[PDB]
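The structure appears below as structure tokens.
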Amino acid sequence: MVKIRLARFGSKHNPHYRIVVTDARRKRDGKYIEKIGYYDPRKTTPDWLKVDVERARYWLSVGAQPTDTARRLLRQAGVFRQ
Amino acid sequence: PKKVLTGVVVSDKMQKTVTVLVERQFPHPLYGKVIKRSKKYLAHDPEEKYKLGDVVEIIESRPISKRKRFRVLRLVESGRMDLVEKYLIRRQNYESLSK
Amino acid sequence: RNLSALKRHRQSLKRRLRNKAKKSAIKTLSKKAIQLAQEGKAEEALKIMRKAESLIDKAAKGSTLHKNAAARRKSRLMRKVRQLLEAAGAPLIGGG
Amino acid sequence: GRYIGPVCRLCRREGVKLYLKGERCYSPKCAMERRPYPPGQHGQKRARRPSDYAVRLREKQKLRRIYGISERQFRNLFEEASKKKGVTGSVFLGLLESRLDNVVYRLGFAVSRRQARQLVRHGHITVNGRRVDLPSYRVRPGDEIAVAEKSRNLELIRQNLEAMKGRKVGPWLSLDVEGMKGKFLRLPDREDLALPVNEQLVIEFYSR
Amino acid sequence: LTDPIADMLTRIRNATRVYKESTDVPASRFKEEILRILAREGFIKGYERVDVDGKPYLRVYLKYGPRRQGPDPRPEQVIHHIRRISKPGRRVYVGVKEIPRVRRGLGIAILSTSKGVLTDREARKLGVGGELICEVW
Amino acid sequence: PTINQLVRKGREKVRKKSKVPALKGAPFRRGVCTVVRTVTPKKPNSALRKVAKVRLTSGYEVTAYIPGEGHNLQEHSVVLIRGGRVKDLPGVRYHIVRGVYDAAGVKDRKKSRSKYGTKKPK
RNA sequence: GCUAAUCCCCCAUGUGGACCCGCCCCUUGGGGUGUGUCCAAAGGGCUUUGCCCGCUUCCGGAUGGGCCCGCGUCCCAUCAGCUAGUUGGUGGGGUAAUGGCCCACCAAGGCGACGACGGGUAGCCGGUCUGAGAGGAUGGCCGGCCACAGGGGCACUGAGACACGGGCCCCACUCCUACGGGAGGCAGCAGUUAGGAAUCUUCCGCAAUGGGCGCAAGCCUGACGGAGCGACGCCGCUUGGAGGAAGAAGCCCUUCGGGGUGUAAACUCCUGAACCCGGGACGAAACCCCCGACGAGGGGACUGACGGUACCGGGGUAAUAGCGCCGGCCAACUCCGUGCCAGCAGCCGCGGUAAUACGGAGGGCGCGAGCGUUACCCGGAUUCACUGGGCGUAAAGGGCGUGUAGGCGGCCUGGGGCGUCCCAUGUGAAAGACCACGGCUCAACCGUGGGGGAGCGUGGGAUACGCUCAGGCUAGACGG
RNA sequence: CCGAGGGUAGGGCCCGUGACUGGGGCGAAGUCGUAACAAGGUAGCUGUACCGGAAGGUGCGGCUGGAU
Ligand code: SF4
Ligand SMILES: [Mg+2]
Ligand SMILES: [Mg+2]
Ligand SMILES: [Mg+2]
Ligand SMILES: [Mg+2]
Ligand SMILES: [Mg+2]
Ligand SMILES: [Mg+2]
Ligand SMILES: [Mg+2]
Ligand SMILES: [Mg+2]
Ligand SMILES: [Mg+2]
Ligand SMILES: [Mg+2]
Ligand SMILES: [Mg+2]
Ligand SMILES: [Mg+2]
Ligand SMILES: [Mg+2]
Ligand SMILES: [Mg+2]
Ligand SMILES: [Mg+2]
Ligand SMILES: [Mg+2]
Ligand SMILES: [Mg+2]
Ligand SMILES: [Mg+2]
Ligand SMILES: [Mg+2]
Ligand SMILES: [Mg+2]
Ligand SMILES: [Mg+2]
Ligand SMILES: [Mg+2]
Ligand SMILES: [Mg+2]
Ligand SMILES: [Mg+2]
Ligand SMILES: [Mg+2]
Ligand SMILES: [Mg+2]
Ligand SMILES: [Mg+2]
Ligand SMILES: [Mg+2]
Ligand SMILES: [Mg+2]
Ligand SMILES: [Mg+2]
Ligand SMILES: [Mg+2]
Ligand SMILES: [Mg+2]
Ligand SMILES: [Mg+2]
Ligand SMILES: [Mg+2]
Ligand SMILES: [Mg+2]
Ligand SMILES: [Mg+2]
Ligand SMILES: [Mg+2]
Ligand SMILES: [Mg+2]
Ligand SMILES: [Mg+2]
Ligand SMILES: [Mg+2]
Ligand SMILES: [Mg+2]
Ligand SMILES: [Mg+2]
Ligand SMILES: [Mg+2]
Ligand SMILES: [Mg+2]
Ligand SMILES: [Mg+2]
Ligand SMILES: [Mg+2]
Ligand SMILES: [Mg+2]
Ligand SMILES: [Mg+2]
Ligand SMILES: [Mg+2]
Ligand SMILES: [Mg+2]
Ligand SMILES: [Mg+2]
Ligand SMILES: [Mg+2]
Ligand SMILES: [Mg+2]
Ligand SMILES: [Mg+2]
Ligand SMILES: [Mg+2]
Ligand SMILES: [Mg+2]
Ligand SMILES: [Mg+2]
Ligand SMILES: [Mg+2]
Ligand SMILES: [Mg+2]
Ligand SMILES: [Mg+2]
Ligand SMILES: [Mg+2]
Ligand SMILES: [Mg+2]
Ligand SMILES: [Mg+2]
Ligand SMILES: [Mg+2]
Ligand SMILES: [Mg+2]
Ligand SMILES: [Mg+2]
Ligand SMILES: [Mg+2]
Ligand SMILES: [Mg+2]
Ligand SMILES: [Mg+2]
Ligand SMILES: [Mg+2]
Ligand SMILES: [Mg+2]
Ligand SMILES: [Mg+2]
Ligand SMILES: [Mg+2]
Ligand SMILES: [Mg+2]
Ligand SMILES: [Mg+2]
Ligand SMILES: [Mg+2]
Ligand SMILES: [Mg+2]
Ligand SMILES: [Mg+2]
Ligand SMILES: [Mg+2]
Ligand SMILES: [Mg+2]
Ligand SMILES: [Mg+2]
Ligand SMILES: [Mg+2]
Ligand SMILES: [Mg+2]
Ligand SMILES: [Mg+2]
Ligand SMILES: [Mg+2]
Ligand SMILES: [Mg+2]
Ligand SMILES: [Mg+2]
Ligand SMILES: [Mg+2]
Ligand SMILES: [Mg+2]
Ligand SMILES: [Mg+2]
Ligand SMILES: [Mg+2]
Ligand SMILES: [Mg+2]
Ligand SMILES: [Mg+2]
Ligand SMILES: [Mg+2]
Ligand SMILES: [Mg+2]
Ligand SMILES: [Mg+2]
Ligand SMILES: [Mg+2]
Ligand SMILES: [Mg+2]
Ligand SMILES: [Mg+2]
Ligand SMILES: [Mg+2]
Ligand SMILES: [Mg+2]
Ligand SMILES: [Mg+2]
Ligand SMILES: [Mg+2]
Ligand SMILES: [Mg+2]
Ligand SMILES: [Mg+2]
Ligand SMILES: [Mg+2]
Ligand SMILES: [Mg+2]
Ligand SMILES: [Mg+2]
Ligand SMILES: [Mg+2]
Ligand SMILES: [Mg+2]
Ligand SMILES: [Mg+2]
Ligand SMILES: [Mg+2]
Ligand SMILES: [Mg+2]
Ligand SMILES: [Mg+2]
Ligand SMILES: [Mg+2]
């Protein structure tokens, strides 16, 4: 199944994720279908999170399944707010 | 789209199959000169209606045999036994290239 | 030294028999319908051909046949039975 | 790390006063005043015509030894300036002067860049309120280099700042004395820094 | 004769090197357009369609600099350098983005485009490439 | 050549013949001495140069120079070798590394100790 | 021998789907419809005439694949001829599906100097190193694709495998054994051994991210997140700062007057790597639970391997420097010792009693936790020359014709628009590279944003040049 | 039926090695003569042929890159 998840980039003790859609059988940091945001768990920048909701809601439409702490961050951007 | 090539029929000694010599040009990727290159395609002639010396068009096609991935699309010109001889003269010269 | 792989193997052997048994029966009745139709005997040919068709689609219910594979056997079966009876005629029952 | 041995021999070798010690650099017991010839057994022998390689090596060793910087860091800065669009000579000197340990010396917090480095390395310096103990920091325009207030009651830094009272700094700088803080205005020019150095000869040394 | 275009450029070069006032090249429309560029840019005084023993020619009128002083009075050439680029044995075509600047602007590259024969400046102002015929300065 | 000849034939890239075949792609090769003797050099030099014939692990037997004043190598001495000829002993293409395996460093050496494999003296 | 089920089977139901034949549309097997024939199923748990987890048939989506095609992809022609499932046809078998993929028959074909066949070498690419560019070299780490899982063959199960830690068989090898017989497959993580010039801990944790299963709690995860060792690479940092004699001693040189090491040391003040004590993270809030409605939304909670680590605060000791080189190229010179010896050497060359070239010393130059050496790649090498070379005597015109293929080709007109040129558009993944900003105190490293390119697909346009087709010409060529 | 492979037989290519043998490169401190460079003491070189301890000689034809 297609999934929306966090491909870790960055470096050691400095994680920087790309909120991303890819086949679940890929490896974590492998070729993704498309990128739809980034995430900085350390909050050390004036926008440690971003989400293209126009696309993030499309992938939910065609049935992508968000990870748990991906949905938690897709929530903080309001993809679910009705 | 399906690839379409033009060339002359150089043999038709096969049942429902003709051999289309196809030519092309391009600049040599280091010495610039425009050079010629040719290649033969085994073409599906399901009506045995194309003849030696005909110039035809072939279109990339669902595989027919082992070496057959092109059917003949349409006739372009007939009676080109001048081109067919250039191909044959060369092949004949090969015997003079042995030991 | 062990695995749930052992479990997976014991199951493949049980499934192996069910698949082979079904395909055995399908093959037999397919040529039986074909052979009957050759000397057709149209009522008896189509009679069996209906039973071959049921076993085919029953095979493609589960993991024994694929849709297109079952559909393919059916086609060539009916194609062979009709064009055999049509050498003498004429088909009593259906189909079709 | 950095060079640590005798520093007067450097000037005496380069044939020019490099102001590397602070106030003895201005006394009459400066070595250049007493023996302005190269160090070692043959210092007083008549020099031979130096090769163009010699000439260019010397100018580069001058500019380098001035900042007491390693050839490694020196060459990386030159290679940074060399890629940068614009004249490489200017940018090179500009990047050199933008080093924290250099600015601290320019502000008169220390008599010598060596002293500045032991100041910076000992955290006795801050940049925009952030304590920074790194000599290599590239100070940018609009910054602010103060004394660590938890060090402002220190003899050496006070006596130094006393002699800076009303003293001019480069145009590209400004020193709030009494408050022990300075400001980096913009990165300086060849005009602002009259260094006893034709920096163009350093471009040529590295093009070989 | 395998290359009339390079033969003409060579007819001009041999003539200018011994300071002849004119030389005759056998005529052709593609040559006229080439000489049309050399006159309009001042590498030649011009030309005229003349006739040598009943054959259609082009008489090209050369121009040189002022007489010089010293040991060598020979005046400086106006066509210092002219050579064929694209040749029968190797065609040379450039796109508009890869047209060259002869002699840092002080020279012309003559092109054959599908808007006719142009200079490197003309071809760049019309946004077209073509066959790089030769270069002059 | 014409442009057509270059389309027909191309330009020949010429490979570089190694001057150290016995190393077989390695920076060094371990070996065992067979003959340890002195050889005289070519004109215009005169000397008794110290050489060892080495039977290598790469499957080669080669002559290698023994640098420095004095050594301790004998038949069955285990040595390491590196590239480098002796302009002046034809056939000698390699050098024994002092201070490795059974090659002792040069005794009393003071300048250039990393070559000649001599520890810093107190 | 007994028994359960979401296990297997049978019957019904046929929304629908499958197949045959007919017809319509279409155009390779795409869609539609008519008769016949054929095919569905599984329940479980709660807060129980309602929910949730499941199950069945069908259409569609999305994602991931299979197959096919154009073009590109190394060395040897001292490999020049190769080919019987070979090349095509018909029919069948087989598959998810095209195909000699497999089989039977029929025909005599297929391929090659534009290099078949054979031999050698190699996983390929994004990229990487170098280079002014062109080019040359390379494909380790990360990303993508491919291939393999001791050597072979094989199928089974399955949506998917001909399956690294699944099965069968053969072989090589090893082990256990009670001697009757059995077992094994680290090119997973560590680790051992062998080989080698040479390459790591039998570490910690699922806290994060990700995967499988589960309604959920949660379980499993040598993926992974981290810690360990190696100067292996890059980056940052220290071994102190200031003052301090016409200038200690020691050592070196000396014309014996003196010169050098050298502000260097001593010494004085000042700072305070390390170490001590106190505090101490970010990475972590979702899943969950409460209200709402199990949604939207709002509340509440558990949880950190790294780690008592970074980092903060307070205290606080002057606290490792080494390596190469100094004839020329190439930056740095003297004394002794040696005397074609011992030795040096990248090339040219040094050494035979006054050696800036050997060996030490003093001094000097260059770098610095590095400095040298060896190996290999690109550069200098326009020294394989496309950019960008040559062949009278330096290496280089075939002994001379004739002529095959090929390469190349005069003047004018028109048609086509193949090359060629322009515009639009799709593709050109991510990382990297590049400019900018930002985050780790800087940097290295890393994050965010920006700019395109060739090349190829498609659409539209141009016609000078080359090409092609047609017509005409006589200056080339050929005949009288 | 096909079939891993095993067996029998006969071919092709490549590598390592071999009594002995052929010449080659280098060494240099030897023995023999002195063929070439001067008209190099018989102008030289050359294809071929025959011959001689050796450099080389001679025949036949060719070249001048031969002094006077
Ligand atoms: S005293 Fe003179 S010689 Fe010594 S460091 Fe100062 S300026 Fe240079
Ligand atoms: Mg076929
Ligand atoms: Mg199980
Ligand atoms: Mg049976
Ligand atoms: Mg099925
Ligand atoms: Mg199956
Ligand atoms: Mg100053
Ligand atoms: Mg610049
Ligand atoms: Mg100033
Ligand atoms: Mg200045
Ligand atoms: Mg350079
Ligand atoms: Mg050119
Ligand atoms: Mg000598
Ligand atoms: Mg050995
Ligand atoms: Mg021993
Ligand atoms: Mg040394
Ligand atoms: Mg030495
Ligand atoms: Mg039923
Ligand atoms: Mg078929
Ligand atoms: Mg399959
Ligand atoms: Mg086949
Ligand atoms: Mg057959
Ligand atoms: Mg036959
Ligand atoms: Mg071809
Ligand atoms: Mg070839
Ligand atoms: Mg191989
Ligand atoms: Mg290999
Ligand atoms: Mg170059
Ligand atoms: Mg490679
Ligand atoms: Mg590698
Ligand atoms: Mg990889
Ligand atoms: Mg295998
Ligand atoms: Mg296997
Ligand atoms: Mg193995
Ligand atoms: Mg096996
Ligand atoms: Mg496989
Ligand atoms: Mg597996
Ligand atoms: Mg395993
Ligand atoms: Mg297996
Ligand atoms: Mg056991
Ligand atoms: Mg046991
Ligand atoms: Mg027993
Ligand atoms: Mg058994
Ligand atoms: Mg085991
Ligand atoms: Mg292992
Ligand atoms: Mg290990
Ligand atoms: Mg070992
Ligand atoms: Mg070993
Ligand atoms: Mg590791
Ligand atoms: Mg986990
Ligand atoms: Mg999880
Ligand atoms: Mg679940
Ligand atoms: Mg449980
Ligand atoms: Mg487990
Ligand atoms: Mg573990
Ligand atoms: Mg790890
Ligand atoms: Mg750490
Ligand atoms: Mg380190
Ligand atoms: Mg003194
Ligand atoms: Mg003294
Ligand atoms: Mg003294
Ligand atoms: Mg001091
Ligand atoms: Mg104190
Ligand atoms: Mg936390
Ligand atoms: Mg909530
Ligand atoms: Mg949990
Ligand atoms: Mg603590
Ligand atoms: Mg403190
Ligand atoms: Mg303190
Ligand atoms: Mg001290
Ligand atoms: Mg050095
Ligand atoms: Mg000398
Ligand atoms: Mg140098
Ligand atoms: Mg010098
Ligand atoms: Mg002696
Ligand atoms: Mg002497
Ligand atoms: Mg001496
Ligand atoms: Mg030397
Ligand atoms: Mg010496
Ligand atoms: Mg460092
Ligand atoms: Mg190194
Ligand atoms: Mg090189
Ligand atoms: Mg080159
Ligand atoms: Mg060239
Ligand atoms: Mg040359
Ligand atoms: Mg010659
Ligand atoms: Mg000739
Ligand atoms: Mg001949
Ligand atoms: Mg033409
Ligand atoms: Mg032509
Ligand atoms: Mg036209
Ligand atoms: Mg035309
Ligand atoms: Mg066109
Ligand atoms: Mg494009
Ligand atoms: Mg990209
Ligand atoms: Mg920053
Ligand atoms: Mg980026
Ligand atoms: Mg670019
Ligand atoms: Mg187009
Ligand atoms: Mg015509
Ligand atoms: Mg004529
Ligand atoms: Mg005539
Ligand atoms: Mg067999
Ligand atoms: Mg066999
Ligand atoms: Mg067997
Ligand atoms: Mg012999
Ligand atoms: Mg003679
Ligand atoms: Mg003589
Ligand atoms: Mg003579
Ligand atoms: Mg003769
Ligand atoms: Mg004889
Ligand atoms: Mg005799
Ligand atoms: Mg005789
Ligand atoms: Mg003669
Ligand atoms: Mg003659
Ligand atoms: Mg002469």
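Letters A, B, ... are given to chains in the order of the sequence lines, protein chains preceding strands, and every chain is numbered from 1. What you see below is based on every heavy atom in this structure, not just the backbone, and it leaves out hydrogens, waters and symmetry mates.
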Write down the distance separating the [atom1] atoms in [N] and [M], rounded off to the nearest Å.
| N | M | atom1 | result |
| --- | --- | --- | --- |
| G:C21 | G:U35 | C1' | 9 Å |
| G:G205 | G:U303 | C1' | 14 Å |
| G:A430 | G:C145 | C1' | 15 Å |
| G:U56 | G:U86 | P | 46 Å |
| G:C376 | G:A321 | P | 38 Å |

Exercise for the section: Return yes if a side-chain donor-acceptor contact under 3.5 Å exists between F:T57 and F:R30, otherwise no. Expected result: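 Side chains of F:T57 and F:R30: no pair found under 3.5 Å.
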Exercise for the section: Check whether the side chains of A:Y32 and A:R18 place a donor and an acceptor atom closer than 3.5 Å, and report yes or no. Expected result: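 Short answer, yes.
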For [X], which contact category applies under a 4.0 Å heavy-atom criterion: base, sugar-phosphate, or nothing?
| X | value |
| --- | --- |
| A:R71 | nothing |
| C:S54 | sugar-phosphate |
| D:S112 | sugar-phosphate |
| F:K111 | base |
| A:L73 | nothing |
| F:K9 | nothing |

Among [options], which is the nearest nucleotide to the side chain of [X]?
| X | options | result |
| --- | --- | --- |
| E:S114 | G:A227, G:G89, G:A464 | G:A464 |
| F:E69 | G:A285, G:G359, G:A197 | G:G359 |
| F:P1 | G:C386, G:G389, G:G112 | G:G389 |
| C:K74 | G:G143, G:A18, G:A62 | G:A18 |
| A:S11 | G:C365, G:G70, G:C445 | G:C445 |
| B:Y31 | G:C386, G:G210, G:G100 | G:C386 |
| D:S70 | G:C386, G:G368, G:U271 | G:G368 |
| B:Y94 | G:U63, G:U87, G:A113 | G:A113 |
| E:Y93 | G:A198, G:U420, G:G283 | G:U420 |

Handout entry: Residue F:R49 - side-chain groove contact at under 5.0 Å
Key =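 That would be the major groove, as F:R49 has no side-chain atom near the other one.
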Problem - Minor- or major-groove placement of C:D57, judged from side-chain atoms under 5.0 Å - result: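 Groove assigned: minor.
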Exercise for the section: On RNA chain G, check which nucleotide each of F:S112 and F:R82 is closest to and give me the residue with the more 5' one. Expected result: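 It is F:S112 whose nearest nucleotide is closer to the 5' end.
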Problem - G:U263: north vs south, judged on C1'-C2'-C3'-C4' - result: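 South, since the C1'-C2'-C3'-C4' torsion of G:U263 has a negative sign.
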Exercise for the section: Decide between north and south for G:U468, the convention being positive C1'-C2'-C3'-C4' for north and negative for south. Expected result: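 North, since the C1'-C2'-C3'-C4' torsion of G:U468 has a positive sign.
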Handout entry: Nucleotides G:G167 and G:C154 paired (Watson-Crick or wobble, under 3.5 Å)
Key =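 As far as the geometry goes, G:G167 and G:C154 are base-paired to each other.
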Backbone N or O of [Y] within a donor-acceptor pair of the [X] side chain at under 3.5 Å?
| X | Y | answer |
| --- | --- | --- |
| F:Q5 | F:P1 | no |
| A:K3 | A:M1 | no |
| D:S136 | D:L134 | no |

Exercise for the section: Please state how far atom CZ in F:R11 lies from atom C1' in G:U383, giving the value in whole angstrom units. Expected result: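 Distance, rounded to whole Å: 12 Å.
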